[PDB]
Amino acid sequence: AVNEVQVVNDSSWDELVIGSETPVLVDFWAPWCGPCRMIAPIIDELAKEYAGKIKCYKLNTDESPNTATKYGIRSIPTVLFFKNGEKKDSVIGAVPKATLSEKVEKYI
């Protein structure tokens, strides 16, 4: 693994989530627990399966100065996708990526 977004801090909410040439998907983890729902290739693999131009990654746990400074992921891991910092969609735990994707398929 060398490419793809993931644990960057700032860079994300810097010009990525608001400058991404394609609709990416930001996965949460919530500090509720260390090994807590961190990440998984299931979201990524299926994030491009419907094409390949789509993006996705997990928020940085090192401190997450961005979201925390705004969104605020102190816990309750949710799933939101963006393609230009317009907050495409979002889905908190309890059938997150499922509830939304279910309505459509994934991102569109």
# chains A, B, ... in the order shown; residues from 1 in each chain; ligands from 1
$ closest_atom_pairs --of "stretch 41-60 of chain A" --to "stretch 15-21 of chain A" --cutoff "12 Å" --atoms "only C-alpha atoms" --output "Markdown table"
| residue | atom | partner | partner_atom | distance |
| --- | --- | --- | --- | --- |
| A:53 | CA | A:21 | CA | 9.1 |
| A:54 | CA | A:21 | CA | 9.1 |
| A:55 | CA | A:20 | CA | 8.7 |
| A:56 | CA | A:17 | CA | 10.1 |
| A:57 | CA | A:17 | CA | 10.8 |
| A:59 | CA | A:17 | CA | 11.3 |
$ residues_around --residues "stretch 31-40 of chain A" --least-positions-apart "5" --cutoff "7 Å" --atoms "only C-alpha atoms" --output "list in words"
residues 58, 74 and 75 of chain A
$ atom_distance --atom1 "atom CA of residue A:86" --atom2 "atom CA of residue A:50"
21.3 Å
$ select_by_dssp --residues "chain A" --states "strand (DSSP E)" --output "PDB file with N, CA and C atoms, in the first residue's frame"
ATOM      1  N   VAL A  24     -15.099  10.620  -2.902  1.00  0.00           N
ATOM      2  CA  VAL A  24     -14.462   9.668  -1.999  1.00  0.00           C
ATOM      3  C   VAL A  24     -15.385   9.307  -0.841  1.00  0.00           C
ATOM      4  N   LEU A  25     -14.944   8.367  -0.011  1.00  0.00           N
ATOM      5  CA  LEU A  25     -15.730   7.930   1.137  1.00  0.00           C
ATOM      6  C   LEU A  25     -14.876   7.898   2.401  1.00  0.00           C
ATOM      7  N   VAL A  26     -15.230   8.736   3.370  1.00  0.00           N
ATOM      8  CA  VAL A  26     -14.498   8.802   4.629  1.00  0.00           C
ATOM      9  C   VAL A  26     -15.135   7.902   5.682  1.00  0.00           C
ATOM     10  N   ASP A  27     -14.367   6.930   6.165  1.00  0.00           N
ATOM     11  CA  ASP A  27     -14.857   6.002   7.178  1.00  0.00           C
ATOM     12  C   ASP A  27     -14.388   6.420   8.568  1.00  0.00           C
ATOM     13  N   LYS A  55     -12.904   7.107  -4.395  1.00  0.00           N
ATOM     14  CA  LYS A  55     -11.857   7.068  -3.381  1.00  0.00           C
ATOM     15  C   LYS A  55     -12.439   6.734  -2.012  1.00  0.00           C
ATOM     16  N   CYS A  56     -11.563   6.559  -1.028  1.00  0.00           N
ATOM     17  CA  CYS A  56     -11.992   6.237   0.329  1.00  0.00           C
ATOM     18  C   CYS A  56     -10.790   6.084   1.255  1.00  0.00           C
ATOM     19  N   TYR A  57     -11.028   6.233   2.554  1.00  0.00           N
ATOM     20  CA  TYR A  57      -9.965   6.115   3.544  1.00  0.00           C
ATOM     21  C   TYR A  57     -10.518   6.272   4.958  1.00  0.00           C
ATOM     22  N   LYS A  58      -9.653   6.080   5.949  1.00  0.00           N
ATOM     23  CA  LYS A  58     -10.051   6.202   7.346  1.00  0.00           C
ATOM     24  C   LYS A  58      -9.427   7.440   7.983  1.00  0.00           C
ATOM     25  N   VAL A  79     -20.387   7.025   8.550  1.00  0.00           N
ATOM     26  CA  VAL A  79     -19.870   6.905   7.192  1.00  0.00           C
ATOM     27  C   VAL A  79     -20.404   8.019   6.300  1.00  0.00           C
ATOM     28  N   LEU A  80     -19.498   8.840   5.781  1.00  0.00           N
ATOM     29  CA  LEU A  80     -19.878   9.947   4.910  1.00  0.00           C
ATOM     30  C   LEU A  80     -18.988   9.996   3.672  1.00  0.00           C
ATOM     31  N   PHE A  81     -19.576  10.377   2.542  1.00  0.00           N
ATOM     32  CA  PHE A  81     -18.836  10.467   1.289  1.00  0.00           C
ATOM     33  C   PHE A  81     -18.838  11.897   0.758  1.00  0.00           C
ATOM     34  N   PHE A  82     -17.715  12.308   0.179  1.00  0.00           N
ATOM     35  CA  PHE A  82     -17.585  13.655  -0.368  1.00  0.00           C
ATOM     36  C   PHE A  82     -16.923  13.620  -1.742  1.00  0.00           C
ATOM     37  N   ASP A  89     -23.044  12.579   1.373  1.00  0.00           N
ATOM     38  CA  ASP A  89     -23.987  11.904   2.256  1.00  0.00           C
ATOM     39  C   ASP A  89     -23.308  11.481   3.555  1.00  0.00           C
ATOM     40  N   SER A  90     -24.095  10.942   4.481  1.00  0.00           N
ATOM     41  CA  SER A  90     -23.571  10.501   5.768  1.00  0.00           C
ATOM     42  C   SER A  90     -24.510   9.490   6.419  1.00  0.00           C
ATOM     43  N   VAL A  91     -23.935   8.560   7.176  1.00  0.00           N
ATOM     44  CA  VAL A  91     -24.719   7.535   7.854  1.00  0.00           C
ATOM     45  C   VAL A  91     -24.003   7.033   9.103  1.00  0.00           C
TER      46      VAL A  91
END
$ closest_residue --among "A:30, A:43, A:2, A:73" --to "residue A:98" --atoms "only C-alpha atoms"
A:43
$ closest_residue --among "A:76, A:51, A:108, A:7" --to "residue A:96" --atoms "only C-alpha atoms"
A:76
$ atom_distance --atom1 "atom CA of residue A:47" --atom2 "atom CA of residue A:94"
19.4 Å
$ select_by_dssp --residues "chain A" --states "helix (DSSP H, G or I)" --output "JSON, numbers by chain"
{"A": [11, 12, 13, 14, 15, 16, 41, 42, 43, 44, 45, 46, 47, 48, 49, 65, 66, 67, 68, 69, 96, 97, 98, 99, 100, 101, 102, 103]}
$ write_last_selection --atoms "C-alpha atoms" --output "PDB file, in the first residue's frame"
ATOM      1  CA  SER A  11      -4.407  17.201   4.159  1.00  0.00           C
ATOM      2  CA  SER A  12      -7.842  15.566   4.147  1.00  0.00           C
ATOM      3  CA  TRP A  13     -10.051  18.474   5.210  1.00  0.00           C
ATOM      4  CA  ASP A  14      -7.319  20.668   3.730  1.00  0.00           C
ATOM      5  CA  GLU A  15      -7.947  20.346  -0.008  1.00  0.00           C
ATOM      6  CA  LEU A  16      -8.881  16.674  -0.358  1.00  0.00           C
ATOM      7  CA  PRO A  41     -10.598  -3.342   2.641  1.00  0.00           C
ATOM      8  CA  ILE A  42     -14.293  -4.211   2.400  1.00  0.00           C
ATOM      9  CA  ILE A  43     -15.237  -0.537   2.136  1.00  0.00           C
ATOM     10  CA  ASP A  44     -12.448   0.278  -0.318  1.00  0.00           C
ATOM     11  CA  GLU A  45     -12.795  -2.818  -2.503  1.00  0.00           C
ATOM     12  CA  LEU A  46     -16.518  -2.080  -2.785  1.00  0.00           C
ATOM     13  CA  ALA A  47     -15.789   1.644  -3.032  1.00  0.00           C
ATOM     14  CA  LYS A  48     -14.269   1.196  -6.491  1.00  0.00           C
ATOM     15  CA  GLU A  49     -15.981  -2.065  -7.444  1.00  0.00           C
ATOM     16  CA  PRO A  65      -7.310  17.996  14.288  1.00  0.00           C
ATOM     17  CA  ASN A  66      -9.654  18.474  11.330  1.00  0.00           C
ATOM     18  CA  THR A  67     -12.939  16.638  11.883  1.00  0.00           C
ATOM     19  CA  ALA A  68     -12.478  17.089  15.630  1.00  0.00           C
ATOM     20  CA  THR A  69     -12.079  20.831  15.076  1.00  0.00           C
ATOM     21  CA  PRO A  96     -24.500   3.232   8.107  1.00  0.00           C
ATOM     22  CA  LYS A  97     -22.982   2.446   4.708  1.00  0.00           C
ATOM     23  CA  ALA A  98     -25.794  -0.104   4.472  1.00  0.00           C
ATOM     24  CA  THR A  99     -28.747   2.245   4.952  1.00  0.00           C
ATOM     25  CA  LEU A 100     -27.456   4.713   2.362  1.00  0.00           C
ATOM     26  CA  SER A 101     -25.859   2.349  -0.153  1.00  0.00           C
ATOM     27  CA  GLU A 102     -28.972   0.199   0.228  1.00  0.00           C
ATOM     28  CA  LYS A 103     -31.115   3.089  -1.004  1.00  0.00           C
TER      29      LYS A 103
END
$ atom_distance --atom1 "atom CA of residue A:92" --atom2 "atom CA of residue A:52"
24.6 Å
